[PDB]
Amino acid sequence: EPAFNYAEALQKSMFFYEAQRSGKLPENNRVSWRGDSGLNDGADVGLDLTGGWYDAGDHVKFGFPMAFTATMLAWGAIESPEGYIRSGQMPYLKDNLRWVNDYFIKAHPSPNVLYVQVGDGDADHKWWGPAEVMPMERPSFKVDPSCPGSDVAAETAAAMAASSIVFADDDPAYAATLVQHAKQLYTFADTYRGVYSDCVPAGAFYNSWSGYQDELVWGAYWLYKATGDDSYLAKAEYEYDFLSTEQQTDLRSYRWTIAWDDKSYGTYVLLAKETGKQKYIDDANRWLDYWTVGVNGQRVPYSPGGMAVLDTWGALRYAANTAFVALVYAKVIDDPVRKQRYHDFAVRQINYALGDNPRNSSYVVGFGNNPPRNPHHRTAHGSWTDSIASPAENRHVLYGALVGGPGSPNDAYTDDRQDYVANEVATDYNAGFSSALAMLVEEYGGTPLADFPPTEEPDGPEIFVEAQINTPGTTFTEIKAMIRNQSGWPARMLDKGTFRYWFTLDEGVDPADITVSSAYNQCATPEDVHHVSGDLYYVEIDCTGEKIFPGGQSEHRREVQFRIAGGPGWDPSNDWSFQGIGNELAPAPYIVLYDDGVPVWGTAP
């Protein structure tokens, strides 16, 4: 039996990617707390750029890492389809890759034009709230011959190509369509050379630090596998000699790892696996050695607990990416000592993330012992006041998400949501992690959970009305009502709401003498009352036009003060909506709130 149920982890990892979806979600939606969002994406340029994945705990759709995530997720399903089948997650992986690839198609309106971003990084990060009510404008950026971007283009090609191998047998027509787009994106990237971050305002988040030389080899190798065209392998091997060397030596870089920006390290193992040439084997060896025993006395930092800490930001992601590529190389190299080393290194790094560490706690939200409960994620938090501090705990469990984890070699970590350096999540954090789990499920096994995902239930009323007696009176009843929208299953707009306050006409009160006034009302103040039947009448407050959404202090509520004066004889004790209303603001169950005519709160007479 496995040390950790790698099949449950993998199963929850695919749920992650479904909670990161954007655009109009399907009927089969498994995440009950997610709704339609980013529905006007592309409007500014006249295209439909809806769909895709939000990058991290934010809502900007960054195309560079989103492409990488797709290639790593595919690569792992090509190395170990059996792993995805055993855990029962193959139909989900295919559902996720299809979701992101459909977007890469939408975003490629013509051969040499690719949309690589939707959303401004600064405008987006200034607001903390659910993605279903994003109030800011989201610009769309692109790269074309006028301002090229070989790195993001060759990666989107590598992604669509690597994915076509997954759909090849299931949907041969769809597979062909991806290979086609992929060819055009690689030609565009080779013909028009450039760094995408010089053309789109993403340099402060996903800047092209390594350049495109790595994505030209990476992109070619994948078109080679998808098409079988030997010219592509020729192209990959040729471009391989221009990869970044290190500091002063002619040795190719070996001190980092493969991540959304540098694919050099993947090509070391990929070409070595394909050709078997000593040239590549040496590189893959020097790289993976620096992460295990070391080279020339230098070794990646390690914490007393057994974690490989490469950098502060997203440490576990880096160690997870190496753990996957190490398991793939462990199968192609013949050396028994090296094979054992790389394999053991990989299982240890994944086991650390799943719970085998000094804290004995998991680092995958929703999985294991003492998992994180508050990652830096806006929609999972469910804030309704534009605050990262309120509510205290995230209102949703983002099952499957791998957090940053310890950023220093001391195994320390604090579940603080305001720590985007160690407690943030992202599509590429689970990319290499997922590929490893698939490789570990095939080898060590595991069993998925039958009843998954659990169905969450709201933490109280979502859209309701609170009320209280503003000023005591015997000839009038002055109420202070407050509409609230603190929804999160999913968060929704309330732009066409009205509410009724029922009352019973009393002896002596001429309904013609009833007046409804206010000294403060953010909605409309009515002139007359409406007769239902008999002595039953109602006052209707109209708030249609006001956008009440969970996204700010004054944005989520509307205060309505209104006095219903009837003159002497007025008696509120026999009024329906008066039941329960006191001197403290508390939900009023007998004031009915309607959304476009449909009741959402309260019970009518």
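Just count from 1 along the sequence shown to find any residue number.
Stretches 411 to 419 and 329 to 337 differ in mean CA B factor, with 329 to 337 having the higher one.
Stretch comparison (23 to 31 versus 548 to 556) by mean CA B-factor in the PDB entry places 23 to 31 on top. Taking the deposited Cα B-factors for 58, 36, 571, 542, the highest one is held by 571. Ranking 192, 196, 104, 367 by Cα temperature factor from the entry places 192 first. Split the chain's modelled residues into thirds by C-alpha temperature factor. Residue 46 is in the highest one.
Ranked against the other modelled residues of its chain, the C-alpha B-factor of residue 142 as given in the entry falls in the highest third. In the PDB entry, residue 386 places in the lowest third of its chain by CA B-factor. In this PDB entry, the Cα temperature factor of residue 424 sits in the bottom third of its chain's modelled residues, the lowest group. When the modelled residues of the chain are ordered by their C-alpha B factor, residue 567 lands in the highest third.
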